[PDB]
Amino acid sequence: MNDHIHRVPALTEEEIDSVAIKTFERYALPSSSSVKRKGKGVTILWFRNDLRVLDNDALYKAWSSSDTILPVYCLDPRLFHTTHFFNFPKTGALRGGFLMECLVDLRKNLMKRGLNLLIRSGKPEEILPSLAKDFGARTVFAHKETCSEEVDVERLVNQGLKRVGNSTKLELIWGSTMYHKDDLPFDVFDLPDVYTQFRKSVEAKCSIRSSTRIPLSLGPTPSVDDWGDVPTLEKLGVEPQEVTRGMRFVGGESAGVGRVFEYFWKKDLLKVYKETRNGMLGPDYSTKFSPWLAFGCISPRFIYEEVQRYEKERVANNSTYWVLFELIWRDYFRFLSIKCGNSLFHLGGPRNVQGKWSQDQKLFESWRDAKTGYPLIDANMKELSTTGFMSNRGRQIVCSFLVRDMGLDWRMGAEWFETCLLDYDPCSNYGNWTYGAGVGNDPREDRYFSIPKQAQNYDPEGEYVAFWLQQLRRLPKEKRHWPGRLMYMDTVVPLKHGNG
């Protein structure tokens, strides 16, 4: 396989810059004298989880409705407080570091287009109105978000701008999804409660829009005395962390488009994606696009166009389709977050299921700290805390284990994923947790995963567990799955099914 730490993408920094230039050139708006800018005044572009220049409608609209743009990112102190119910760190060190890399790359890429990124630490509803006043901005453009916390910030910013006068308007633009909200065959209040019904409808009745093309010249900015430093984690009360084993994701749009190139074109792996996507070990088994999608470093419309080109130039098969099937799951949970609102975060979930659930700290800590006694579980939980990533197969398994085998309040698992995952997204995280916990609005199915069966089918040689739990390396297949207590450790709970 290779026992080195695996950079994602694995491209050299010079390969990344070359691919980035070619990609930006391929999708560039071939000049635009037709767009009228003169006399349109100053605008502020407020970045959140859309840290890219490519295929960015908020940026396009800001540019087309102004003569001067002030791009701004606010490091919101609330991002580094604690989680809602159980008070874990709101943002763990690994995602914190990924965010900083995203910001460094965004500033660099904006500079290539005649702009810069203003960085400030503080609450957007305090920073943005002050900037709008100082620079005389007519508008603040930003992407629309869906969940409670984010929409509350939108309200506070809008009310803040109002409080300094009329004129300055907050303009929120839909983004994030492969299928556009406005193009759906239903309002989101009537979103089907079954995914298959949603997928069939959009596939039959909708089209995917082309990527928005962005000009190579986006300047000028206003005259700014201090563009601000990239913040450091220590200032935010977070101890920096470096990956010591496994995958080391690299933040930013440049690296993100680099990974699309790497996975699709250089390694030619898209043609077998459906075959390998239930793997757990290494970068090759799946796209690994999720951290870049969560921060908006890349966009699904861009990915879809790359898939289209791959299908023309190389091959179209069930694997080239399945990547889109999975991006449609991302769309679904995004839209479902609007339909469900805060019931997405409640114990009973969307259908308000009753009864039970332990919050035993000792049990939870054994799951969190990879000390359950089941190698399959512990390896996954160790991968998570070490790298900020876990395989899709692993996420499903550790969810079932915590809910069903341990009997724990599922929100303890969801909030720990919120702390740890580079790709943390409230819609996808709480969506999949409620789905896996059996508290979604989807019809009743008892989705119990057998740990022994999962180990045999998806880690048949014990390669995955041996990688993360190196004391198991010397053992053959069967002991890797079931090592026994002295070699490994005690089991904290019995298994509900598939032998105790």
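Start at 1 with the first residue shown and count on from there.
- For the pair 346-354 and 89-97, the mean Cα B-factor is higher in 346-354.
- Higher mean CA B-factor, judged across 356-364 and 178-186 from the recorded values: 356-364.
- The entry assigns its greatest Cα B factor, within the set 241, 380, 392, 287, to 241.
- Annotation for residue 134: C-alpha temperature factor in the highest third relative to the rest of the modelled chain, per the entry.
- When the modelled residues of the chain are ordered by their C-alpha B factor, residue 234 lands in the highest third.
- Remark: residue 467 belongs to the middle third of its chain, ranked by C-alpha B-factor as recorded.
- Among the modelled residues of its chain, residue 39 has a C-alpha B-factor that falls in the highest third according to the deposited record.
- For residue 171, the recorded CA temperature factor ranks within the highest third of the chain's modelled residues.
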